[PDB]
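Take a look at the structure below.
Methodologically, a virtual Cβ is constructed for each residue, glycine included, from the backbone with ideal geometry; neighbour enumeration extends over all protein chains shown. Since every read-out is calculated from the coordinates, none of them should be taken as a lab result.
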Amino acid sequence: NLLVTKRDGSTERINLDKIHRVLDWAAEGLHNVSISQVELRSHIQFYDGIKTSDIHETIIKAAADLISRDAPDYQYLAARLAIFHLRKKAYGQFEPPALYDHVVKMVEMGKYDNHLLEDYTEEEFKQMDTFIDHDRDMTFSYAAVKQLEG
Amino acid sequence: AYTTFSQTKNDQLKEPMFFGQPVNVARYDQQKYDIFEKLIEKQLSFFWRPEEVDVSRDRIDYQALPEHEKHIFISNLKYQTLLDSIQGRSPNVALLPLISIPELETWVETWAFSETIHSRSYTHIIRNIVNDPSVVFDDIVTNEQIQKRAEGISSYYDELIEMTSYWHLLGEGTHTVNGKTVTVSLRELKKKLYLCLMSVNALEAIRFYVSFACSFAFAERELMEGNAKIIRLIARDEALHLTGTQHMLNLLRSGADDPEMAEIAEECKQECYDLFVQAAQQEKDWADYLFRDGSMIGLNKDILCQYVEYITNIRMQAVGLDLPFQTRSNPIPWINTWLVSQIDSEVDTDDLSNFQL
Amino acid sequence: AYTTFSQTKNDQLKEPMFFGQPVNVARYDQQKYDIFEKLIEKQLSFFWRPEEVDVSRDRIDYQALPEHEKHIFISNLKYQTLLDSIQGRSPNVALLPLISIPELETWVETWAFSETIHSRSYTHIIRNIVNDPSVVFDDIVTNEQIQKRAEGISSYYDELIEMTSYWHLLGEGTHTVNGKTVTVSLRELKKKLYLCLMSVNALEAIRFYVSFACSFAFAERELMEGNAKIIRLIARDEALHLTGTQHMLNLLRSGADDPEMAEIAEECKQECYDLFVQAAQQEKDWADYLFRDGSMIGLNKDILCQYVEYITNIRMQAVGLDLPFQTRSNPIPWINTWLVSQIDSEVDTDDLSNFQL
Ligand SMILES: Nc1ncnc2c1ncn2[C@H]1C[C@H](O)[C@@H](COP(=O)(O)OP(=O)(O)OP(=O)(O)O)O1
Ligand SMILES: Nc1ncnc2c1ncn2[C@H]1C[C@H](O)[C@@H](COP(=O)(O)OP(=O)(O)OP(=O)(O)O)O1
Ligand SMILES: [Mg+2]
């Protein structure tokens with residue numbers, strides 16, 4: 001009967017199936033990992049109004065510390081969980097925006113260099129968006145992803 | 001005819017495990033198969049009482065559980081009470097009249113006794129988490145999801161006890177009992193024993209360990225920890241129990257004890273395989289019932305069903321049966337923690353001088 | 001037909017001790033007769049192991065004994081091994097299919113289990129005083145002076161086990177089994193149960209206590225004290241055991257549990273009297289064999305036979321049987337210690353003046 005606080009501020013009833021779905025996705029294709037281990041090692045302390053973004057960061061830490069010689073594939077489970085969390089932090093969703101739409105907003109915010117818009121045209125930016133393979137974020141290890149966001 | 005003290009002086013070391021001369025003198029200075037003497041010594045060393053465990057804090061944890069998790073916990077407790085209720089009396093009733101070596105006789109009696117401690121501890125746990133224990137106990141016999149497997153498990157025991165009575169009352173041969181013809185085959189009795197032990201092995205090595213997953217999954221959340229200490233003690237005995245049945249089954253299957261038995265064990269291989277597969281399917285269905293109203297952190301239908309397939313392959317391999325499920329890594333690795341216990345500053349310039357930069 | 005888990009949901013508090021519905025669920029939150037629940041709790045608290053007792057000094061004392069005292073000790077030990085060999089398996093085999101309330105079922109298995117500890121302690125003592133235990137054990141079955149008394153006790157068990165199998169396989173009624181007619185009477189089965197419990201009561205409360213006198217007579221002379229330490233623990237259990245059979249017998253005899261049984265108990269009253277009297281004569285006969293080659297300080301044929309008659313009157317009176325021997329004071333009172341745990345210088349001249357010499 002308790003409520004979790006979603007990323008957009010709204011709330012809904014706590015559903016552990018949401019957590020099972022995320023972990024089953026992150027453990028897909030991996031060998032010798034355990035959804036149950038990640039949930040139990042999280043020691044996640046629920047309370048009414050718990051932020052859903054803090055919940056996810058907990059299971060990333062838990063899966064990251066399970067990296068061992070006997071279970072080396074946790075380096076990919078924790079990485080896939082970390083990429084997922086990092087997509088939401090920057091975009092609010094999973095799919096990244098277009099390369100042009102992003103550079104426009106970022107140069108406008110002063111976070112990117114001004115020359116990106118001057119030296120490349122929108123037709124050129126869309127052509128490089130076809131080069132991008134956003135599925136290559138699924139080939140990182142957890143140590144790589146933490147150095148990326150860090 | 002069974003006798004509590006057989007008059008014949010038999011060399012107990014040459015008797016078989018079953019169907020030989022009834023044990024007369026109970027001596028423990030020598031053994032034919034010393035595996036059972038070790039099981040006795042180890043079970044006697046594990047002696048524990050339920051009251052010596054603090055379970056008072058568990059009531060707080062139980063009442064704070066979600067409504068469907070009270071059900072998950074209390075259903076696994078009703079099922080546990082039923083299995084170890086059967087296991088309290090059955091090895092004594094079903095095996096003692098057949099045993100013919102003293103070490104196996106005494107082990108079965110120690111095995112059975114240790115099961116009554118489990119039954120007493122379930123009364124201990126129940127009396128400390130629920131308000132009216134009668135609510136839990138009265139549901140055990142009528143429960144639909146339980147009584148299906150309850151009557152199936154007890155049947156292997158009941159049938160072995162019945163054939164044993166005919167074999168003792170009438171002996172081997174074709175008999176007539178009130179008109180109807182009754183055939184008493186020792187080979188058919190040896191077949192009902194082997195099937196029973198197989199059913200008991202699946203009962204204690206698969207059915208209970210699926211239950212262990214439920215009890216210990218709550219403990220990984222630091223909930224029901226008084227229960228977890230008792231279930232941990234039970235799990236330590238349960239490892240001794242299934243080891244006993246494994247050695248019995250393998251000694252019968254390998255024909256070391258009875259040349260006839262090695263052949264009979266092969267005639268049952270398909271029936272025994274179906275026996276284990278049915279047990280594994282029954283527990284997966286039981287898992288489907290536990291999580292019908294929701295799951296919990298670390299355990300759902302998938303996780304528990306994966307452990308059913310995982311532990312079944314392990315148990316069936318130990319008794320020489322074909323693996324019915326795909327190879328799989330342990331889906332709940334956390335359960336294993338519950339089932340097993342300056343500068344040497346001296347310089348030598350001459351040695352350094354032997355150098356060319 | 002016996003079932004290890006009866007399908008009927010029955011109020012166990014209203015079932016009789018025996019011959020009711022076979023126990024299904026094993027619960028201990030309630031009892032019909034709480035005497036058996038207390039006996040379980042008390043037996044579990046007395047749990048001891050033989051190896052935790054120092055018996056190393058006993059080999060030296062034994063080898064230093066006179067030859068006829070070696071005979072007394074080792075004969076009383078062989079007889080002890082024989083009796084508790086029967087007692088290890090018999091309560092489990094003969095009573096478990098008949099019991100219909102859970103507290104009595106668990107007590108019988110606990111009772112039996114504690115007897116296997118006795119059987120193991122006899123092996124412990126034997127293996128630590130003699131050089132080849134095989135010589136001691138093999139003589140238990142072959143010695144004609146010993147095995148004679150074995151068949152008297154085992155018969156009451158064997159006959160109850162046989163009638164029980166017929167009552168389960170055929171049910172009550174007149175049957176024909178391979179031509180010959182076989183009548184199964186529940187009243188005759190209740191009669192074989194009551195007679196059996198009477199035989200066990202005389203075994204554990206008279207026969208063994210005669211043996212206790214021998215073990216403790218060596219201890220009063222500070223000899224075989226490691227044996228005496230174990231026998232004292234065994235006697236502490238034996239006091240619980242005979243209390244169980246007394247309570248069963250008295251509940252059956254008064255008809256509080258089963259009115260039909262009050263009738264049957266009266267039809268056996270003469271058989272029970274002769275049963276107890278015979279046991280005393282057999283133990284007096286056994287005493288003649290112990291001292292066939294001589295006596296020792298504090299114990300001879302006369303002394304031990306007086307204790308047989310002394311202890312028999314007490315036991316028979318406890319179950320409503322007539323006293324067969326003359327009244328006598330305890331001939332060995334030392335055994336009871338083993339079978340239980342400035343002058344006030346002030347003067348008043350005025351008071352003295354108020355005087356008349
Ligand atoms: N109802 C819920 N109760 C508990 N945990 C939840 C719930 N829904 C999602 N989670 C968990 C699963 C994820 O591992 C973690 C992050 O979820 P995520 O889907 O990124 O948050 P969200 O659903 O609030 O944002 P978005 O709108 O982007 O989906 O939160
Ligand atoms: N092809 C895929 N790529 C990435 N993630 C996937 C894919 N298929 C399934 N998933 C997983 C990732 C998420 O954990 C889950 C869906 O994420 P999300 O939109 O957050 O749903 P949710 O369970 O949080 O519901 P909601 O967001 O509506 O509350 O499914
Ligand atoms: Mg979401």
Checklist entry - Of all the residues that make up the range A:1-16, how many are within 10 Å of chain B (Cβ to nearest Cβ) and more than 10 Å from ligand 2 (Cβ to nearest atom)? => result 4
Item to check | Residue, surrounded by the fewest Cβ atoms within 10 Å (Cβ to Cβ), within the range B:12-30, restricted to residues that are within 22 Å of B:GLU260 (Cα to Cα) and in contact with a helix residue (DSSP H, G or I) (Cβ under 8 Å, 6 or more places away or on another chain) | outcome: B:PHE19
Item to check | Given (1) away from chain B (no Cβ under 11 Å); (2) within 14 Å of ligand 1 (Cβ to nearest atom); (3) over 23 Å from A:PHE94 (Cα atoms), number of the condition A:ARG69 does not satisfy | outcome: (2)
Checklist entry - Within the range C:161-169, is even one residue in contact with a helix residue (DSSP H, G or I) (Cβ under 9 Å, 6 or more places away or on another chain), surrounded by 19 or more Cβ atoms within 10 Å (Cβ to Cβ) and under 20 Å from C:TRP111 (Cα atoms)? => result yes
Checklist entry - In the range B:279-319, which residues are touching a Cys at 6+ places or on another chain (Cβ under 9 Å) and surrounded by fewer than 20 Cβ atoms within 10 Å (Cβ to Cβ)? => result B:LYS284, B:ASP288
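Kindly establish whether B:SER341 is exposed (fewer than 13 other Cβ atoms within 10 Å of the Cβ) and under 60 Å from the mean Cα position of the chain (by Cα). Reasoning before the result, please.
Numbers: exposed (fewer than 13 other Cβ atoms within 10 Å of the Cβ): yes; under 60 Å from the mean Cα position of the chain (by Cα): yes.
Taking the combined requirement at face value, the residue satisfies it.
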Checklist entry - How about the range C:170-186: which of its residues are exposed (fewer than 15 other Cβ atoms within 10 Å of the Cβ) and under 13 Å from B:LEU169 (Cα atoms)? => result C:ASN178
Checklist entry - Within the range C:96-131, can you find the residues that are more than 7 Å from chain B (Cβ to nearest Cβ), closer than 20 Å to C:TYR28 by Cα and not polar (S, T, N, Q)? => result C:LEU98, C:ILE99, C:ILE101, C:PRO102, C:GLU103, C:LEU104, C:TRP107, C:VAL108, C:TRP111
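Conditions (1) surrounded by 12 or more Cβ atoms within 10 Å (Cβ to Cβ); (2) among the aromatic types (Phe, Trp, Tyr); (3) not in a loop (DSSP other than H, G, I, E, B), marked per residue:
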| site | (1), (2), (3) |
| --- | --- |
| A:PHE84 | yes, yes, yes |
| A:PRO97 | yes, no, no |
| A:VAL104 | yes, no, yes |
| A:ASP113 | yes, no, no |
Checklist outcome for this item: If we ask which residues in the range A:17-48 are within 11 Å of ligand 2 (Cβ to nearest atom) and surrounded by 17 or more Cβ atoms within 10 Å (Cβ to Cβ), their number turns out to be 5
Checklist entry - Within the range A:3-69, which helices (runs of 4 or more DSSP H) (wholly inside it) include 1 or more residues that are within 16 Å of ligand 3 (Cβ to nearest atom)? => result A:16-26, A:52-65
Next on the checklist: Among the residues of the range B:300-321, are any basic (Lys, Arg), within 14 Å of chain A (Cβ to nearest Cβ) and assigned to a loop (DSSP other than H, G, I, E, B)?
Outcome noted: no
Item to check | Pair list, Cβ under 7 Å, 6 or more apart: the range A:1-29 residue more than 17 Å from B:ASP293 (Cα to Cα), other residue near ligand 2 (Cβ under 10 Å from one of its atoms) and in a loop (DSSP other than H, G, I, E, B) | outcome: A:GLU12/A:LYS6
Checklist entry - Any residue in the range A:92-99 that is more than 13 Å from ligand 3 (Cβ to nearest atom), in contact with a helix residue (DSSP H, G or I) (Cβ under 9 Å, 6 or more places away or on another chain) and under 23 Å from B:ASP302 (Cβ atoms)? => result no
